[PDB]
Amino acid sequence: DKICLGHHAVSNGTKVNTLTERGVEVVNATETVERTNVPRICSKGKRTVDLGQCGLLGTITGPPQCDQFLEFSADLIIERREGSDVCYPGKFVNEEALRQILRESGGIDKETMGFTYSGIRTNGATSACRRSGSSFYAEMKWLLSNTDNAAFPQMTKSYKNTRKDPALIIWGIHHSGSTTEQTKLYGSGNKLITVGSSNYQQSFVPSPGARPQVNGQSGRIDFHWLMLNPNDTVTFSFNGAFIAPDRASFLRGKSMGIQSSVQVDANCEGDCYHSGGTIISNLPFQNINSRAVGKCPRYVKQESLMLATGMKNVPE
C-alpha cells in the first residue's frame, strides 16, 4: 500500500553552533581548535642546536660556556632560560635586534680580523671568565697598557670585508669600577674610542664608577656591533678602555630560533613551536599559546569550535 522516505539519526548527537542558533544537535561533528600540546621540541629531521648554558649573543664573543658554539650550523636554534651571553658582567647595545639576526642566521662562520699589536699587553683576563684559571672572551682581546698606569698609545686598526655577504663586527668598551682602576689599566686622561664605516658613524667614552658586584666584579663591558657590507672598511681608533674583536662573523643561511623549557625529541616532527613545546595539528586554529612561532594554526580565544560533519540529529 505505501512507501516512506527518511534519514538517519543517532542516540547521542553532538552540539554545534550556527548563524541562527546555539547548541544545535547534529549527527556528527569535528573540532577546529587545537588544544593538545606535545611537551617536547619536536626536532625530527632538522639540524638542531640547543644552546643550554650558552646565550645566543655569547656565540659571537665567546665566554667559556659558548666554547662549543663558536661556529655552529643549524636549521633550528633553541635558547634556554639558564643561558647567559657573558662571563665578565656587561651588556649588548641593540641586543634584541642582534638576537633576531642570529636566530634567523642558519648559524655562523668565523674569520680572523688579522689584528696585530705592539708595545702593549694583549692578554687581559679575569676570574669572572674561567677556563682552568682566569681567562677572557675567546673571540675578543682585552687590550691594556704594557705596565701599570702606563699611557695607552693612540691606536688605529682597520678591517675590510672581502666576502660577498655582510660581516658582523663586534667590539667592547670597558668601564672600570673606579677612575683610579681605569688609569691603572690604560693610563690617565679622558679616553676616546672612535668607530666608523661608510654606512655607520659613532663614538664612545668609558664611564668608571661604582656598581654592585656581579660575578664578583663591579666593572662592566658594553658590547657594540654593526653589519659591514661587502667590500667596505671599518676603522677603530682608541685611547684605550677598548675590547677588540679577534674575529668577524658571517651568517650561514636560514634558520628558525625559539625559546623553550622542554626537552628535544628527534622522534617527533613539527613546525609550530612555543616555550612549552610543539603543536602538531592539521587544524586551522589553536588555543594553546598566542606566541607560538613557526608555521602555526592561528591563535584564537575560543577553547572549542565544532564543525558539523553531519545532518541535524532528530531522534523520536
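We number the residues from 1 along the sequence you see.
Query raised in the report: With respect to the recorded C-alpha B factors, which stretch has the higher mean value, 22 to 30 or 251 to 259?
Result: 22 to 30 has the higher mean C-alpha B-factor.
message = Per the record, averaged over C-alpha atoms, which has the higher B-factor: 103 to 111 or 236 to 244?
response = It is 236 to 244 that shows the higher mean C-alpha B-factor.
- Message: Maximum C-alpha temperature factor per the entry, among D148, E139, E95, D85, belongs to which one?
- Response: In the PDB entry, the greatest C-alpha B-factor among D148, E139, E95, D85 is found at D148.
Could you say which of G196, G90, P166, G172 has its CA atom at the highest B factor, as listed in the PDB entry?
It is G196.
Q) In terms of the chain's CA B-factor thirds, is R220 lowest, middle or highest? A) For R220, whose C-alpha B-factor we compare with every modelled residue in the chain, the answer is the middle third.
For the chain shown, is the CA B-factor of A292 in the lowest, middle or highest third of its modelled residues?
Tercile = lowest for this residue's CA B-factor.
- prompt: Lowest, middle or highest third of the chain for the C-alpha temperature factor of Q302?
  reply: Lowest third, going by the recorded CA B-factors of the chain.
| request: Ordered by C-alpha B-factor within the chain, which third holds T126? Give me lowest, middle or highest, please. | output: Its C-alpha B-factor, which the entry lists for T126, ranks in the middle third among residues of this chain.
Lowest, middle or highest third: which one holds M227 when the chain's residues are ordered by CA B-factor from the entry? Answer is middle: the recorded C-alpha B-factor places it there.
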